[PDB]
$ cat work.txt   # compact mmCIF, N, CA and C atoms and all ligand atoms
# COMPACT_ATOMS: atom_id res chain seq x y z
N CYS W 14 -107.65 -140.14 -148.97
CA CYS W 14 -109.03 -139.66 -149.09
C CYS W 14 -109.77 -139.79 -147.77
N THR W 15 -109.65 -140.96 -147.14
CA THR W 15 -110.33 -141.23 -145.87
C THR W 15 -109.39 -141.95 -144.92
N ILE W 16 -108.10 -141.63 -144.98
CA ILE W 16 -107.09 -142.27 -144.14
C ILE W 16 -106.25 -141.19 -143.48
N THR W 17 -106.15 -141.24 -142.15
CA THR W 17 -105.30 -140.33 -141.40
C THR W 17 -104.95 -140.97 -140.06
N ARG W 18 -103.87 -140.48 -139.46
CA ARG W 18 -103.35 -141.06 -138.23
C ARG W 18 -102.51 -140.01 -137.51
N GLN W 19 -101.69 -140.46 -136.56
CA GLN W 19 -100.69 -139.64 -135.89
C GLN W 19 -101.33 -138.46 -135.14
N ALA W 20 -102.11 -138.82 -134.13
CA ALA W 20 -102.66 -137.85 -133.19
C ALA W 20 -101.68 -137.68 -132.03
N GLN W 21 -101.15 -136.46 -131.88
CA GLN W 21 -100.11 -136.17 -130.91
C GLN W 21 -100.66 -135.29 -129.78
N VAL W 22 -99.78 -134.98 -128.83
CA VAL W 22 -100.12 -134.16 -127.67
C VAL W 22 -99.79 -132.71 -127.97
N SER W 23 -100.55 -131.79 -127.38
CA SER W 23 -100.34 -130.36 -127.59
C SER W 23 -100.36 -129.53 -126.32
N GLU W 24 -100.87 -130.04 -125.20
CA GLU W 24 -100.95 -129.25 -123.98
C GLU W 24 -101.07 -130.17 -122.78
N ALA W 25 -100.43 -129.79 -121.68
CA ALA W 25 -100.53 -130.54 -120.42
C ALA W 25 -100.43 -129.52 -119.28
N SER W 26 -101.59 -129.08 -118.79
CA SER W 26 -101.65 -128.08 -117.74
C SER W 26 -102.01 -128.74 -116.42
N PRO W 27 -101.10 -128.78 -115.44
CA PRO W 27 -101.48 -129.32 -114.12
C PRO W 27 -102.61 -128.55 -113.47
N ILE W 28 -102.68 -127.24 -113.68
CA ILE W 28 -103.81 -126.47 -113.17
C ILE W 28 -105.08 -126.99 -113.83
N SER W 29 -105.96 -127.58 -113.03
CA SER W 29 -107.19 -128.24 -113.47
C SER W 29 -106.89 -129.61 -114.08
N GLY W 30 -105.62 -130.00 -114.21
CA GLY W 30 -105.28 -131.31 -114.71
C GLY W 30 -105.85 -131.61 -116.09
N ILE W 31 -105.51 -130.77 -117.07
CA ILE W 31 -106.10 -130.85 -118.40
C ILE W 31 -105.02 -131.24 -119.40
N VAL W 32 -105.29 -132.27 -120.20
CA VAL W 32 -104.40 -132.71 -121.26
C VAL W 32 -105.12 -132.54 -122.59
N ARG W 33 -104.44 -131.93 -123.56
CA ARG W 33 -105.02 -131.67 -124.87
C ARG W 33 -104.12 -132.26 -125.94
N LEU W 34 -104.70 -133.08 -126.82
CA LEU W 34 -104.00 -133.65 -127.95
C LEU W 34 -104.62 -133.11 -129.24
N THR W 35 -103.81 -133.02 -130.29
CA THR W 35 -104.26 -132.47 -131.56
C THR W 35 -103.86 -133.38 -132.71
N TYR W 36 -104.72 -133.42 -133.73
CA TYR W 36 -104.40 -134.11 -134.97
C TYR W 36 -104.93 -133.30 -136.14
N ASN W 37 -104.43 -133.62 -137.33
CA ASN W 37 -104.69 -132.83 -138.52
C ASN W 37 -105.57 -133.59 -139.51
N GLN W 38 -106.34 -132.84 -140.29
CA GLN W 38 -107.18 -133.38 -141.35
C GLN W 38 -107.02 -132.54 -142.60
N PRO W 39 -106.59 -133.13 -143.72
CA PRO W 39 -106.54 -132.38 -144.98
C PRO W 39 -107.94 -131.95 -145.42
N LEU W 40 -108.03 -131.21 -146.52
CA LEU W 40 -109.31 -130.68 -146.97
C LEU W 40 -110.32 -131.80 -147.18
N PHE W 41 -110.07 -132.66 -148.16
CA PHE W 41 -110.96 -133.79 -148.44
C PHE W 41 -110.42 -135.07 -147.81
N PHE W 42 -110.26 -135.04 -146.49
CA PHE W 42 -109.72 -136.18 -145.76
C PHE W 42 -110.44 -136.33 -144.43
N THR W 43 -110.43 -137.55 -143.90
CA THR W 43 -110.96 -137.86 -142.59
C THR W 43 -109.81 -138.22 -141.65
N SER W 44 -110.15 -138.53 -140.39
CA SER W 44 -109.11 -138.87 -139.42
C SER W 44 -109.67 -139.53 -138.17
N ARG W 45 -109.15 -140.71 -137.83
CA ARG W 45 -109.45 -141.36 -136.56
C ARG W 45 -108.28 -142.30 -136.26
N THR W 46 -107.38 -141.88 -135.37
CA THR W 46 -106.11 -142.58 -135.27
C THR W 46 -106.28 -144.03 -134.84
N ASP W 47 -106.62 -144.28 -133.58
CA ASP W 47 -107.06 -145.61 -133.18
C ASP W 47 -108.09 -145.62 -132.06
N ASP W 48 -108.52 -144.46 -131.55
CA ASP W 48 -109.48 -144.40 -130.45
C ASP W 48 -108.88 -144.90 -129.14
N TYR W 49 -107.62 -145.36 -129.17
CA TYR W 49 -107.00 -145.91 -127.97
C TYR W 49 -105.62 -145.30 -127.73
N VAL W 50 -104.93 -144.92 -128.81
CA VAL W 50 -103.62 -144.30 -128.68
C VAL W 50 -103.74 -142.95 -127.99
N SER W 51 -104.81 -142.21 -128.28
CA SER W 51 -105.03 -140.94 -127.59
C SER W 51 -105.22 -141.16 -126.09
N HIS W 52 -105.98 -142.19 -125.71
CA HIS W 52 -106.15 -142.50 -124.30
C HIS W 52 -104.82 -142.88 -123.66
N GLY W 53 -104.02 -143.69 -124.36
CA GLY W 53 -102.71 -144.05 -123.83
C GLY W 53 -101.82 -142.84 -123.61
N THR W 54 -101.78 -141.93 -124.59
CA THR W 54 -100.96 -140.73 -124.45
C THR W 54 -101.46 -139.84 -123.32
N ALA W 55 -102.79 -139.71 -123.19
CA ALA W 55 -103.34 -138.91 -122.10
C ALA W 55 -102.99 -139.52 -120.75
N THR W 56 -103.07 -140.85 -120.63
CA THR W 56 -102.69 -141.50 -119.39
C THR W 56 -101.21 -141.29 -119.09
N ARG W 57 -100.36 -141.38 -120.12
CA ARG W 57 -98.94 -141.13 -119.92
C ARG W 57 -98.69 -139.71 -119.43
N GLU W 58 -99.37 -138.73 -120.02
CA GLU W 58 -99.21 -137.35 -119.58
C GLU W 58 -99.68 -137.16 -118.15
N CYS W 59 -100.83 -137.76 -117.80
CA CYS W 59 -101.32 -137.65 -116.43
C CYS W 59 -100.33 -138.27 -115.45
N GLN W 60 -99.78 -139.44 -115.78
CA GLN W 60 -98.79 -140.07 -114.91
C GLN W 60 -97.54 -139.21 -114.79
N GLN W 61 -97.08 -138.62 -115.89
CA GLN W 61 -95.97 -137.68 -115.83
C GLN W 61 -96.27 -136.55 -114.86
N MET W 62 -97.48 -136.02 -114.90
CA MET W 62 -97.94 -135.06 -113.91
C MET W 62 -98.41 -135.82 -112.66
N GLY W 63 -98.93 -135.08 -111.68
CA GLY W 63 -99.33 -135.69 -110.43
C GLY W 63 -100.63 -136.47 -110.49
N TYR W 64 -101.38 -136.36 -111.58
CA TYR W 64 -102.66 -137.04 -111.71
C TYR W 64 -102.47 -138.39 -112.39
N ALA W 65 -103.57 -139.01 -112.80
CA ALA W 65 -103.55 -140.30 -113.49
C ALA W 65 -104.98 -140.63 -113.91
N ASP W 66 -105.12 -141.70 -114.68
CA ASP W 66 -106.42 -142.19 -115.13
C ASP W 66 -107.17 -141.11 -115.92
N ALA W 67 -106.60 -140.75 -117.06
CA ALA W 67 -107.20 -139.74 -117.92
C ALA W 67 -108.56 -140.21 -118.43
N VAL W 68 -109.49 -139.26 -118.55
CA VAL W 68 -110.84 -139.53 -119.03
C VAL W 68 -111.13 -138.58 -120.18
N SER W 69 -111.73 -139.11 -121.25
CA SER W 69 -112.01 -138.30 -122.43
C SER W 69 -112.93 -137.13 -122.08
N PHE W 70 -114.08 -137.43 -121.47
CA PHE W 70 -114.94 -136.43 -120.84
C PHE W 70 -115.54 -135.45 -121.84
N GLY W 71 -115.14 -135.53 -123.11
CA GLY W 71 -115.53 -134.54 -124.09
C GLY W 71 -115.77 -135.09 -125.48
N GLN W 72 -115.77 -134.19 -126.45
CA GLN W 72 -116.00 -134.48 -127.85
C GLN W 72 -114.94 -133.78 -128.69
N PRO W 73 -114.57 -134.36 -129.84
CA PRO W 73 -113.55 -133.73 -130.68
C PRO W 73 -113.98 -132.35 -131.14
N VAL W 74 -113.01 -131.44 -131.21
CA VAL W 74 -113.23 -130.07 -131.64
C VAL W 74 -112.37 -129.81 -132.87
N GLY W 75 -113.00 -129.33 -133.94
CA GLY W 75 -112.28 -129.07 -135.18
C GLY W 75 -112.30 -127.61 -135.59
N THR W 76 -111.13 -126.98 -135.60
CA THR W 76 -110.98 -125.59 -136.01
C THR W 76 -109.98 -125.51 -137.16
N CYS W 77 -110.35 -124.78 -138.21
CA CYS W 77 -109.46 -124.65 -139.36
C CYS W 77 -108.18 -123.93 -138.96
N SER W 78 -107.05 -124.44 -139.45
CA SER W 78 -105.74 -123.86 -139.17
C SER W 78 -105.09 -123.21 -140.38
N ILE W 79 -105.50 -123.57 -141.59
CA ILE W 79 -104.97 -122.98 -142.82
C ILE W 79 -106.14 -122.48 -143.65
N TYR W 80 -106.06 -121.23 -144.10
CA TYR W 80 -107.11 -120.61 -144.89
C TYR W 80 -106.58 -120.27 -146.27
N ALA W 81 -107.32 -120.66 -147.31
CA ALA W 81 -106.99 -120.34 -148.70
C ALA W 81 -108.28 -119.86 -149.36
N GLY W 82 -108.50 -118.55 -149.31
CA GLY W 82 -109.74 -118.01 -149.84
C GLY W 82 -110.93 -118.58 -149.09
N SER W 83 -111.96 -118.96 -149.84
CA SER W 83 -113.17 -119.55 -149.26
C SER W 83 -113.04 -121.07 -149.14
N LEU W 84 -111.99 -121.52 -148.47
CA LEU W 84 -111.72 -122.94 -148.31
C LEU W 84 -111.05 -123.17 -146.96
N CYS W 85 -110.78 -124.44 -146.66
CA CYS W 85 -110.11 -124.85 -145.42
C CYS W 85 -109.12 -125.95 -145.79
N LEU W 86 -107.87 -125.55 -146.03
CA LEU W 86 -106.86 -126.52 -146.46
C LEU W 86 -106.62 -127.58 -145.38
N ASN W 87 -106.52 -127.16 -144.12
CA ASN W 87 -106.26 -128.07 -143.02
C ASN W 87 -107.21 -127.77 -141.87
N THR W 88 -107.59 -128.82 -141.14
CA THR W 88 -108.46 -128.70 -139.98
C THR W 88 -107.79 -129.37 -138.79
N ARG W 89 -107.76 -128.67 -137.66
CA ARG W 89 -107.18 -129.21 -136.44
C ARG W 89 -108.29 -129.75 -135.55
N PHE W 90 -108.16 -131.00 -135.13
CA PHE W 90 -109.12 -131.64 -134.24
C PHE W 90 -108.44 -131.90 -132.90
N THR W 91 -109.11 -131.49 -131.82
CA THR W 91 -108.56 -131.56 -130.48
C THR W 91 -109.33 -132.56 -129.63
N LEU W 92 -108.58 -133.26 -128.78
CA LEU W 92 -109.14 -134.21 -127.82
C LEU W 92 -108.70 -133.78 -126.43
N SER W 93 -109.66 -133.64 -125.52
CA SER W 93 -109.40 -133.17 -124.16
C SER W 93 -109.57 -134.31 -123.17
N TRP W 94 -108.72 -134.32 -122.14
CA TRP W 94 -108.76 -135.32 -121.09
C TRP W 94 -108.57 -134.63 -119.75
N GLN W 95 -109.31 -135.08 -118.74
CA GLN W 95 -109.23 -134.54 -117.39
C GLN W 95 -108.61 -135.60 -116.49
N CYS W 96 -107.34 -135.39 -116.13
CA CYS W 96 -106.65 -136.35 -115.28
C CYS W 96 -107.31 -136.41 -113.90
N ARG W 97 -107.44 -137.62 -113.37
CA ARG W 97 -108.08 -137.82 -112.08
C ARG W 97 -107.37 -138.90 -111.27
N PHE J 117 -60.88 -44.83 -155.92
CA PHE J 117 -62.25 -45.11 -156.35
C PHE J 117 -62.61 -44.40 -157.65
N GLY J 118 -61.61 -43.98 -158.43
CA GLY J 118 -61.91 -43.23 -159.64
C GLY J 118 -62.79 -44.00 -160.60
N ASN J 119 -62.45 -45.26 -160.84
CA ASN J 119 -63.29 -46.14 -161.64
C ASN J 119 -64.23 -46.90 -160.71
N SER J 120 -64.85 -47.96 -161.23
CA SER J 120 -65.69 -48.83 -160.41
C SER J 120 -64.87 -49.84 -159.61
N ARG J 121 -63.58 -49.56 -159.41
CA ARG J 121 -62.72 -50.50 -158.70
C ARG J 121 -63.29 -50.88 -157.35
N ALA J 122 -63.83 -49.91 -156.62
CA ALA J 122 -64.43 -50.18 -155.32
C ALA J 122 -65.92 -50.47 -155.40
N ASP J 123 -66.56 -50.16 -156.53
CA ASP J 123 -67.99 -50.42 -156.68
C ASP J 123 -68.27 -51.90 -156.48
N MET J 124 -69.14 -52.21 -155.52
CA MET J 124 -69.41 -53.58 -155.12
C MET J 124 -70.91 -53.81 -155.01
N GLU J 125 -71.32 -55.03 -155.33
CA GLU J 125 -72.71 -55.44 -155.22
C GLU J 125 -72.75 -56.95 -155.13
N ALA J 126 -73.48 -57.47 -154.14
CA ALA J 126 -73.53 -58.91 -153.95
C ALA J 126 -74.82 -59.28 -153.23
N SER J 127 -75.33 -60.47 -153.52
CA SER J 127 -76.52 -60.99 -152.86
C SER J 127 -76.35 -62.49 -152.65
N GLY J 128 -77.00 -63.00 -151.60
CA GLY J 128 -76.94 -64.41 -151.28
C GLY J 128 -78.13 -64.86 -150.46
N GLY J 129 -78.61 -66.07 -150.73
CA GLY J 129 -79.75 -66.60 -150.02
C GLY J 129 -79.60 -68.09 -149.82
N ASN J 130 -80.22 -68.59 -148.75
CA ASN J 130 -80.18 -70.01 -148.42
C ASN J 130 -81.41 -70.32 -147.59
N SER J 131 -82.38 -71.01 -148.18
CA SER J 131 -83.63 -71.33 -147.51
C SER J 131 -83.83 -72.84 -147.50
N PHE J 132 -84.17 -73.38 -146.33
CA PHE J 132 -84.42 -74.80 -146.17
C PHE J 132 -85.66 -75.00 -145.32
N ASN J 133 -86.51 -75.94 -145.72
CA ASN J 133 -87.73 -76.27 -144.99
C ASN J 133 -87.96 -77.77 -145.07
N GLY J 134 -88.03 -78.42 -143.92
CA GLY J 134 -88.31 -79.84 -143.85
C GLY J 134 -89.51 -80.10 -142.95
N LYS J 135 -90.30 -81.10 -143.32
CA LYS J 135 -91.51 -81.45 -142.57
C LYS J 135 -91.64 -82.96 -142.50
N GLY J 136 -92.40 -83.42 -141.52
CA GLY J 136 -92.68 -84.83 -141.38
C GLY J 136 -93.86 -85.05 -140.47
N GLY J 137 -94.59 -86.14 -140.73
CA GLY J 137 -95.77 -86.44 -139.94
C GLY J 137 -96.15 -87.89 -140.08
N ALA J 138 -97.05 -88.31 -139.20
CA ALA J 138 -97.52 -89.69 -139.18
C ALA J 138 -98.75 -89.79 -138.29
N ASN J 139 -99.69 -90.65 -138.68
CA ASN J 139 -100.90 -90.88 -137.92
C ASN J 139 -101.26 -92.35 -137.97
N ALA J 140 -101.96 -92.81 -136.94
CA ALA J 140 -102.42 -94.20 -136.90
C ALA J 140 -103.58 -94.29 -135.92
N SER J 141 -104.76 -94.64 -136.43
CA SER J 141 -105.95 -94.76 -135.59
C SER J 141 -106.69 -96.04 -135.94
N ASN J 142 -107.40 -96.58 -134.95
CA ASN J 142 -108.22 -97.76 -135.15
C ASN J 142 -109.34 -97.77 -134.13
N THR J 143 -110.48 -98.34 -134.54
CA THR J 143 -111.66 -98.42 -133.69
C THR J 143 -112.33 -99.77 -133.89
N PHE J 144 -113.04 -100.21 -132.85
CA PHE J 144 -113.74 -101.48 -132.85
C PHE J 144 -114.90 -101.38 -131.87
N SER J 145 -116.11 -101.66 -132.33
CA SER J 145 -117.33 -101.41 -131.57
C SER J 145 -118.27 -102.61 -131.60
N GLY J 146 -117.74 -103.80 -131.33
CA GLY J 146 -118.52 -105.02 -131.35
C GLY J 146 -118.66 -105.66 -129.98
N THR J 147 -119.46 -106.73 -129.95
CA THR J 147 -119.64 -107.55 -128.77
C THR J 147 -119.56 -109.01 -129.17
N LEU J 148 -118.71 -109.77 -128.49
CA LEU J 148 -118.49 -111.17 -128.83
C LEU J 148 -118.43 -112.00 -127.56
N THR J 149 -119.16 -113.11 -127.54
CA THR J 149 -119.13 -114.04 -126.41
C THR J 149 -118.03 -115.07 -126.63
N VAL J 150 -117.13 -115.20 -125.66
CA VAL J 150 -115.98 -116.08 -125.76
C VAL J 150 -116.11 -117.19 -124.72
N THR J 151 -115.25 -118.19 -124.85
CA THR J 151 -115.23 -119.34 -123.96
C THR J 151 -113.85 -119.45 -123.32
N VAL J 152 -113.82 -119.88 -122.06
CA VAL J 152 -112.55 -120.05 -121.36
C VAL J 152 -111.76 -121.18 -122.00
N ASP J 153 -110.47 -120.95 -122.19
CA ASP J 153 -109.57 -121.97 -122.74
C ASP J 153 -108.83 -122.73 -121.65
N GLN J 154 -108.39 -122.05 -120.60
CA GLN J 154 -107.71 -122.69 -119.49
C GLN J 154 -107.65 -121.71 -118.33
N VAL J 155 -107.39 -122.24 -117.14
CA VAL J 155 -107.28 -121.45 -115.93
C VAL J 155 -105.80 -121.39 -115.55
N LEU J 156 -105.29 -120.17 -115.40
CA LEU J 156 -103.88 -119.98 -115.08
C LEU J 156 -103.65 -120.17 -113.58
N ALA J 157 -102.37 -120.15 -113.20
CA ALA J 157 -102.01 -120.40 -111.80
C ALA J 157 -102.59 -119.33 -110.88
N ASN J 158 -102.59 -118.07 -111.33
CA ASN J 158 -103.08 -116.97 -110.51
C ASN J 158 -104.59 -116.81 -110.58
N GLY J 159 -105.29 -117.65 -111.34
CA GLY J 159 -106.72 -117.55 -111.50
C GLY J 159 -107.17 -116.85 -112.76
N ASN J 160 -106.26 -116.23 -113.50
CA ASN J 160 -106.62 -115.59 -114.75
C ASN J 160 -107.13 -116.63 -115.74
N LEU J 161 -108.10 -116.23 -116.55
CA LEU J 161 -108.74 -117.11 -117.52
C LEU J 161 -108.26 -116.76 -118.92
N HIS J 162 -107.84 -117.77 -119.67
CA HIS J 162 -107.51 -117.61 -121.08
C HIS J 162 -108.78 -117.84 -121.90
N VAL J 163 -109.27 -116.78 -122.53
CA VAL J 163 -110.54 -116.80 -123.24
C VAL J 163 -110.27 -116.76 -124.74
N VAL J 164 -110.95 -117.63 -125.48
CA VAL J 164 -110.91 -117.67 -126.93
C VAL J 164 -112.34 -117.81 -127.44
N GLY J 165 -112.69 -117.02 -128.45
CA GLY J 165 -114.02 -117.07 -129.01
C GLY J 165 -114.01 -116.74 -130.49
N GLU J 166 -115.04 -117.22 -131.19
CA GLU J 166 -115.14 -117.02 -132.62
C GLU J 166 -116.60 -116.96 -133.02
N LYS J 167 -116.89 -116.13 -134.02
CA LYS J 167 -118.25 -115.96 -134.53
C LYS J 167 -118.20 -115.77 -136.03
N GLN J 168 -118.99 -116.57 -136.75
CA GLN J 168 -119.03 -116.52 -138.21
C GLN J 168 -120.42 -116.09 -138.65
N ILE J 169 -120.47 -115.11 -139.55
CA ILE J 169 -121.73 -114.57 -140.06
C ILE J 169 -121.70 -114.60 -141.58
N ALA J 170 -122.72 -115.19 -142.18
CA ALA J 170 -122.85 -115.26 -143.64
C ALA J 170 -124.07 -114.45 -144.04
N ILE J 171 -123.88 -113.15 -144.26
CA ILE J 171 -124.99 -112.29 -144.67
C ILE J 171 -125.49 -112.71 -146.05
N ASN J 172 -124.65 -112.55 -147.06
CA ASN J 172 -124.87 -113.19 -148.35
C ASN J 172 -123.67 -112.95 -149.25
N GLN J 173 -123.29 -113.95 -150.04
CA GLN J 173 -122.12 -113.85 -150.92
C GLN J 173 -120.86 -113.54 -150.10
N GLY J 174 -120.53 -114.46 -149.21
CA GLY J 174 -119.33 -114.35 -148.39
C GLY J 174 -119.62 -114.60 -146.93
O1 LIG K 1 -52.61 -46.26 -163.80
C1 LIG K 1 -52.89 -47.38 -164.29
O2 LIG K 1 -52.22 -48.39 -163.97
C2 LIG K 1 -54.06 -47.52 -165.27
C3 LIG K 1 -55.26 -46.60 -165.27
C4 LIG K 1 -56.43 -47.33 -165.92
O3 LIG K 1 -56.50 -46.99 -167.27
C5 LIG K 1 -56.22 -48.84 -165.78
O4 LIG K 1 -57.32 -49.50 -166.35
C6 LIG K 1 -54.93 -49.28 -166.49
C7 LIG K 1 -55.20 -49.63 -167.95
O5 LIG K 1 -55.38 -51.02 -168.07
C8 LIG K 1 -54.02 -49.19 -168.81
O6 LIG K 1 -54.19 -49.67 -170.12
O7 LIG K 1 -53.97 -48.26 -166.45
$ encode --input "work.txt" --output "structure tokens" --more "lines below"
Ligand SMILES: O=C(O)[C@H]1C[C@@H](O)[C@@H](O)[C@@H]([C@H](O)CO)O1
Amino acid sequence: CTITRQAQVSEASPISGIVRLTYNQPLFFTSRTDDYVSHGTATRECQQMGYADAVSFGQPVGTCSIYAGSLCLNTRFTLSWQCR
Amino acid sequence: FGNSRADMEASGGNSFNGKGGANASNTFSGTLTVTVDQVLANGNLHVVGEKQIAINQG
């Protein structure tokens, strides 16, 4: 009902040094993995690339990914980081 | 040819007509403001945008 986890990575573009992670939310569900695992993954991606010290710099973005009539079965939430 | 031994009469016909066609048209006359998603290596911009309108009942 109000339990979700497992926020993973979805994009790592060296051009502009942008890392994007995504996580899922069911219809009547919430999601906040740990507020720190996303930072760790972003830092790992930046280190893998030529940058480092990822910064959140933004706010979560939620766009529906599954449509069932006038509803939203699943919602995708994105976290952006700017490697520096 | 004393009888109708040589009397002859014959007719034959063969008519064929085939046709085919297909059409496909589409038009779009809107204006939408989009946001850049990422900057490519050559400088091209990946743009994504969305607009939701609820006039009434939908
Ligand atoms: O010269 C013949 O061979 C003929 C003349 C015709 O009459 C022909 O039709 C046939 C007849 O079938 C005899 O019965 O005979």
$ residues_around --input "work.txt" --residues "residue 67 in chain W" --least-positions-apart "4" --cutoff "6 Å" --atoms "only N, CA and C atoms" --output "PyMOL selection string"
chain W and resi 55-56+94-97
$ write_last_selection --input "work.txt" --atoms "N, CA and C atoms" --output "tab-separated table (two decimals), in the frame of the given file"
chain	number	residue	atom	x	y	z
W	55	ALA	N	-102.79	-139.71	-123.19
W	55	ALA	CA	-103.34	-138.91	-122.10
W	55	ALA	C	-102.99	-139.52	-120.75
W	56	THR	N	-103.07	-140.85	-120.63
W	56	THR	CA	-102.69	-141.50	-119.39
W	56	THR	C	-101.21	-141.29	-119.09
W	94	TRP	N	-108.72	-134.32	-122.14
W	94	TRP	CA	-108.76	-135.32	-121.09
W	94	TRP	C	-108.57	-134.63	-119.75
W	95	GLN	N	-109.31	-135.08	-118.74
W	95	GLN	CA	-109.23	-134.54	-117.39
W	95	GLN	C	-108.61	-135.60	-116.49
W	96	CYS	N	-107.34	-135.39	-116.13
W	96	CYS	CA	-106.65	-136.35	-115.28
W	96	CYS	C	-107.31	-136.41	-113.90
W	97	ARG	N	-107.44	-137.62	-113.37
W	97	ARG	CA	-108.08	-137.82	-112.08
W	97	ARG	C	-107.37	-138.90	-111.27
$ interface_residues --input "work.txt" --of "chain J" --to "chain W" --cutoff "6.5 Å" --atoms "all atoms listed in the file" --output "PyMOL selection string"
chain J and resi 155-157
$ select_by_dssp --input "work.txt" --residues "chain W" --states "strand (DSSP E or B)" --output "number ranges by chain"
W: 21-26, 31-39, 74-80, 85-95
$ write_last_selection --input "work.txt" --atoms "N, CA and C atoms" --output "compact mmCIF listing (two decimals), in the coordinates of the input"
# COMPACT_ATOMS: atom_id res chain seq x y z
N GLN W 21 -101.15 -136.46 -131.88
CA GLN W 21 -100.11 -136.17 -130.91
C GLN W 21 -100.66 -135.29 -129.78
N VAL W 22 -99.78 -134.98 -128.83
CA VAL W 22 -100.12 -134.16 -127.67
C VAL W 22 -99.79 -132.71 -127.97
N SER W 23 -100.55 -131.79 -127.38
CA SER W 23 -100.34 -130.36 -127.59
C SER W 23 -100.36 -129.53 -126.32
N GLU W 24 -100.87 -130.04 -125.20
CA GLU W 24 -100.95 -129.25 -123.98
C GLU W 24 -101.07 -130.17 -122.78
N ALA W 25 -100.43 -129.79 -121.68
CA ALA W 25 -100.53 -130.54 -120.42
C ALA W 25 -100.43 -129.52 -119.28
N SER W 26 -101.59 -129.08 -118.79
CA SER W 26 -101.65 -128.08 -117.74
C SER W 26 -102.01 -128.74 -116.42
N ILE W 31 -105.51 -130.77 -117.07
CA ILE W 31 -106.10 -130.85 -118.40
C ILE W 31 -105.02 -131.24 -119.40
N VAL W 32 -105.29 -132.27 -120.20
CA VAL W 32 -104.40 -132.71 -121.26
C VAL W 32 -105.12 -132.54 -122.59
N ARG W 33 -104.44 -131.93 -123.56
CA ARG W 33 -105.02 -131.67 -124.87
C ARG W 33 -104.12 -132.26 -125.94
N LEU W 34 -104.70 -133.08 -126.82
CA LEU W 34 -104.00 -133.65 -127.95
C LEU W 34 -104.62 -133.11 -129.24
N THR W 35 -103.81 -133.02 -130.29
CA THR W 35 -104.26 -132.47 -131.56
C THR W 35 -103.86 -133.38 -132.71
N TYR W 36 -104.72 -133.42 -133.73
CA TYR W 36 -104.40 -134.11 -134.97
C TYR W 36 -104.93 -133.30 -136.14
N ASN W 37 -104.43 -133.62 -137.33
CA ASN W 37 -104.69 -132.83 -138.52
C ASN W 37 -105.57 -133.59 -139.51
N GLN W 38 -106.34 -132.84 -140.29
CA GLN W 38 -107.18 -133.38 -141.35
C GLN W 38 -107.02 -132.54 -142.60
N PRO W 39 -106.59 -133.13 -143.72
CA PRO W 39 -106.54 -132.38 -144.98
C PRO W 39 -107.94 -131.95 -145.42
N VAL W 74 -113.01 -131.44 -131.21
CA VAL W 74 -113.23 -130.07 -131.64
C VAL W 74 -112.37 -129.81 -132.87
N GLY W 75 -113.00 -129.33 -133.94
CA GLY W 75 -112.28 -129.07 -135.18
C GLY W 75 -112.30 -127.61 -135.59
N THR W 76 -111.13 -126.98 -135.60
CA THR W 76 -110.98 -125.59 -136.01
C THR W 76 -109.98 -125.51 -137.16
N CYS W 77 -110.35 -124.78 -138.21
CA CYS W 77 -109.46 -124.65 -139.36
C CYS W 77 -108.18 -123.93 -138.96
N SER W 78 -107.05 -124.44 -139.45
CA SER W 78 -105.74 -123.86 -139.17
C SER W 78 -105.09 -123.21 -140.38
N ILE W 79 -105.50 -123.57 -141.59
CA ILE W 79 -104.97 -122.98 -142.82
C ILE W 79 -106.14 -122.48 -143.65
N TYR W 80 -106.06 -121.23 -144.10
CA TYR W 80 -107.11 -120.61 -144.89
C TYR W 80 -106.58 -120.27 -146.27
N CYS W 85 -110.78 -124.44 -146.66
CA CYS W 85 -110.11 -124.85 -145.42
C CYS W 85 -109.12 -125.95 -145.79
N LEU W 86 -107.87 -125.55 -146.03
CA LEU W 86 -106.86 -126.52 -146.46
C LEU W 86 -106.62 -127.58 -145.38
N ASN W 87 -106.52 -127.16 -144.12
CA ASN W 87 -106.26 -128.07 -143.02
C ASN W 87 -107.21 -127.77 -141.87
N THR W 88 -107.59 -128.82 -141.14
CA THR W 88 -108.46 -128.70 -139.98
C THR W 88 -107.79 -129.37 -138.79
N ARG W 89 -107.76 -128.67 -137.66
CA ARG W 89 -107.18 -129.21 -136.44
C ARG W 89 -108.29 -129.75 -135.55
N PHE W 90 -108.16 -131.00 -135.13
CA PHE W 90 -109.12 -131.64 -134.24
C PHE W 90 -108.44 -131.90 -132.90
N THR W 91 -109.11 -131.49 -131.82
CA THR W 91 -108.56 -131.56 -130.48
C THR W 91 -109.33 -132.56 -129.63
N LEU W 92 -108.58 -133.26 -128.78
CA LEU W 92 -109.14 -134.21 -127.82
C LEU W 92 -108.70 -133.78 -126.43
N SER W 93 -109.66 -133.64 -125.52
CA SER W 93 -109.40 -133.17 -124.16
C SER W 93 -109.57 -134.31 -123.17
N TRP W 94 -108.72 -134.32 -122.14
CA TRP W 94 -108.76 -135.32 -121.09
C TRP W 94 -108.57 -134.63 -119.75
N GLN W 95 -109.31 -135.08 -118.74
CA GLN W 95 -109.23 -134.54 -117.39
C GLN W 95 -108.61 -135.60 -116.49
$ atom_distance --input "work.txt" --atom1 "CA of residue 47 in chain W" --atom2 "CA of residue 73 in chain W"
13.8 Å
$ atom_distance --input "work.txt" --atom1 "atom N of residue 43 in chain W" --atom2 "atom C of residue 153 in chain J"
26.8 Å
$ atom_distance --input "work.txt" --atom1 "CA of residue 75 in chain W" --atom2 "CA of residue 89 in chain W"
5.3 Å
$ closest_residue --input "work.txt" --among "W:38, W:72, W:21, W:88" --to "residue 50 in chain W" --atoms "only N, CA and C atoms"
W:21
$ residues_near_ligand --input "work.txt" --ligand "ligand LIG 1 (chain K)" --cutoff "10 Å" --atoms "only C-alpha atoms and all ligand atoms" --output "PyMOL selection string"
chain J and resi 118-119+121
$ write_last_selection --input "work.txt" --atoms "N, CA and C atoms" --output "compact mmCIF listing (two decimals), in the frame of the given file"
# COMPACT_ATOMS: atom_id res chain seq x y z
N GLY J 118 -61.61 -43.98 -158.43
CA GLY J 118 -61.91 -43.23 -159.64
C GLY J 118 -62.79 -44.00 -160.60
N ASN J 119 -62.45 -45.26 -160.84
CA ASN J 119 -63.29 -46.14 -161.64
C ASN J 119 -64.23 -46.90 -160.71
N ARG J 121 -63.58 -49.56 -159.41
CA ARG J 121 -62.72 -50.50 -158.70
C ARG J 121 -63.29 -50.88 -157.35
